[PDB]
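**Q** model this:
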Amino acid sequence: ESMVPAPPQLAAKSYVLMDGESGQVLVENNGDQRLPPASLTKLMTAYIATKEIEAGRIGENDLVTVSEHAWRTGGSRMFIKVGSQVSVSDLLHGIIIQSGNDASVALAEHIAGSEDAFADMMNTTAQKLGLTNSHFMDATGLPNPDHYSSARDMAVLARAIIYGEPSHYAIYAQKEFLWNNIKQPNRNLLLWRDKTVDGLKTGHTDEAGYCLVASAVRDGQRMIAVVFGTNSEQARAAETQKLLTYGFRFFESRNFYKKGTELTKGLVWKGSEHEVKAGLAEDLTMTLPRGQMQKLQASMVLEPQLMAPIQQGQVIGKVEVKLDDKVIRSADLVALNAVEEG
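**A** Numbers count the residues shown, from 1 in each chain. Okay, here it is:
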């Protein structure tokens, strides 16, 4: 019919284009292959930190003592002095802007005691995000057989980061950071090249090639592009722009339901109330090739024998959207109001 053009074929080992609002993968090539992430690892390190801050388990002004192990790192670094005290906020800028290996290690040890226990939190967090092909051996991305991620996993991680605290995500777009008499630019060159790009991270080794997790916003849409293994910085940027354009030019986004509002009722066994109001945890939005919105229909099926007690946000049923009798985007219906067991 009026099927949009095929996606560009990029010179790169893997890539994924993901819409921001909907979180749907729009294009995917070799998306689940386990590849070395190099500095892309730092997206996981920083994210954990931001989640610990949100949970109030660490504070932005808390002073972190720099161990010998953190100071012994190599590669890109913030140049924190061994034995000095540095705040969580400053280290986080060092990780995010400068991809500082020292800062990564110091903040990991501050959070979990040691880098090995932090890697555990990285894997637990991977699971919690639903990463399918990611595993972490340290907080920096040192080359290791068991240290890997994929283009799709990185888009999932990036989306979780993008939609966190705005003051935290804004760090990704900061152009430079000064520490200990050394001022260094944000390593993400696209920042200077394209004003609609606001993140996130580059990675590179001889083994992994030139990698990038980028996100841009144009005309009310957010695209997330992940590319692994390009041939050079120039190709990395060029191939990412092609991927981005393809998403912006050929896909449209429509908001269907906002989180909360009731969609339907449900039978509860043993509860003081006879039924609960089901809804969605957060906005449900679809992003699809032009002219496809029109072909969508939604099924909201609850659980037959759901029995109390029922907690607010508890997994009850699942809403499913069919594209011509073909199920695609499936969200999670949850009980809004809690229910007793009188």
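
**Q** now the helices: where do they sit in this protein?
**A** Here the chain has its helices, by DSSP state H, at 41-54, 68-71, 88-98, 101-112, 115-129, 151-162, 166-169, 190-193, 233-250.

**Q** residues contacting residue 303?
**A** For residue 303, the contact set (C-beta atoms under 8 Å, 6 or more residues apart in numbering) comprises 266, 316, 317. Using the backbone N, CA and C atoms, a C-beta is placed for each residue, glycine as well.

**Q** before we move on, the earlier item: deepest of the helices of the chain, which one?
**A** helix 101-112 (a mean of 27; mean count of other C-beta atoms under 10 Å).

**Q** Give me the helices and strands touching it, please.
**A** Counting contacts by 3 or more C-beta pairs under 8 Å, 6 or more residues apart in numbering; DSSP states H and E, helix 101-112 is packed against helix 41-54, strand 63-65, helix 68-71, helix 88-98, helix 115-129.

**Q** I'd like to know how far residue 184 sits from residue 313.
**A** To residue 313, residue 184 is 42 Å away according to C-beta to C-beta, to the nearest Å.

**Q** Which one of the two is surrounded by more residues?
**A** residue 184 (18 against 13; other C-beta atoms under 10 Å).

**Q** and residue 187, how many neighbours?
**A** With neighbours defined by other C-beta under 10 Å, the count for residue 187 comes to 18.

**Q** Same check on residue 29?
**A** 18.

**Q** likewise residue 311?
**A** Residues near residue 311, counting by other C-beta under 10 Å: 11.

**Q** And for residue 256?
**A** Neighbours of residue 256 using other C-beta under 10 Å come to 17.

**Q** what's the answer for residue 194, then?
**A** Residues near residue 194, counting by other C-beta under 10 Å: 16.

**Q** From residue 50, how far off is the nearest residue to residue 120 once chain neighbours are set aside?
**A** Leaving aside its sequence neighbours, residue 120 sits nearest to residue 112 (C-beta to C-beta, 6 or more residues apart in numbering; 7.3 Å). Computed with C-beta to C-beta, the distance linking residue 112 and residue 50 is 15 Å.

**Q** Also residue 179?
**A** 20 Å.

**Q** What ranges does the stretch 151-300 of the chain have for its strands?
**A** Ranges of strands in the stretch 151-300 of the chain, per DSSP state E, counting those that start in this stretch, are 176-179, 182-185, 197-205, 209-218, 221-230, 251-257, 264-267, 275-280, 284-289, 296-301.

**Q** Let me see the contact set for residue 225.
**A** Counting by C-beta under 8 Å, 6+ apart, residue 225 touches 15-18, 212-216, 240, 243-244, 247.

**Q** Distance of it relative to residue 92?
**A** 24 Å.

**Q** what bridges to residue 255?
**A** residue 285 (DSSP bridges).

**Q** Tell me which residues touch it, please.
**A** So residue 255 contacts 21, 283, 284, 285 (C-beta under 8 Å, 6+ apart).

**Q** Can you tell me which of the residues you listed are buried?
**A** Buried by 16 or more other C-beta atoms under 10 Å: 21, 284, 285, out of these.

**Q** Columns distance to residue 8 on top of those residues, output as CSV?
**A** Below are those laid out as CSV (distance: C-beta to C-beta, whole Å):
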residue, distance to residue 8
21, 22
284, 29
285, 25
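
**Q** ok, those residues vs residue 173, which is closest?
**A** Nearest to residue 173 among the buried ones among the contacts of residue 255 is residue 21, at 19.2 Å by C-beta to C-beta.

**Q** Nearest to residue 9 among the helices of the chain would be which one?
**A** Checking the helices of the chain against residue 9 by C-beta to C-beta gives helix 233-250 as the closest, at 9.4 Å.

**Q** now the angle between strand 197-205 and the closest one, please.
**A** 140 degrees (axes from the mean of the first three to the mean of the last three C-alpha atoms, to 10 degrees).
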